[PDB]
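Every chain is numbered from 1, with letters handed out A, B, ... down the list of sequences. Side-chain atoms are counted along with the backbone in the values below, which use heavy atoms only and exclude waters and symmetry mates.
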Amino acid sequence: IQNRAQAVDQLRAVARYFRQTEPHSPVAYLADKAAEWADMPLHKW
Amino acid sequence: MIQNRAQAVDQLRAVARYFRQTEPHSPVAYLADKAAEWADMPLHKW
């Protein structure tokens, strides 16, 4: 991974994969929530 | 692309390392790390 944009693309791909294969799992939830937050960089946490 | 579950976990781990290194205090670093940990747990019929 060379930069943030590539890292976000890879994270989104992984979230999609776990949603498809393990849809109601805690792993699918956490991966998806990580992708969500990657698109909200200005949200204070 | 991702060909199987092992590869998905491996990619998740690489993403978690990238964010740990570049944005250690962000929600993305924290969540990607937890997701990666949880991906190593035994499977269940969720």
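- A:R16 CZ to B:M1 CE: the interatomic distance, rounded to the nearest 0.5 Å, is 8.0 Å.
- For the options B:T22, B:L31, B:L43, heavy-atom pairs under 4.5 Å to chain A are most numerous at B:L31.
- Aromatic pair A:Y29/B:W38: centroids not less than 6.0 angstrom apart.
- For the atom pair CG (A:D9) and CD (B:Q11), the distance works out to 10.0 Å, reported to the nearest 0.5 Å.
- Contacts of B:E23 with chain A are made by side-chain atoms alone, with heavy-atom separations under 4.5 Å and no backbone atom involved.
- For residues 2-9 of chain B, heavy-atom neighbours of chain A at less than 4.5 Å comprise B:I2, B:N4, B:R5, B:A8, B:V9, sorted by residue number.
- Using a 4.5 Å cut-off between heavy atoms, A:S25 touches chain B through backbone and side chain atoms alike.
- For the atom pair B:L12 CG and A:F18 CZ, the distance stands at 6.0 Å (nearest 0.5 Å).
- Contact between B:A35 and A:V27 at its shortest, heavy atoms only, is O-CG2, 3.9 Å.
- Contacts of B:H44 with chain A are absent, with no heavy-atom separation under 4.5 Å from either backbone or side chain.
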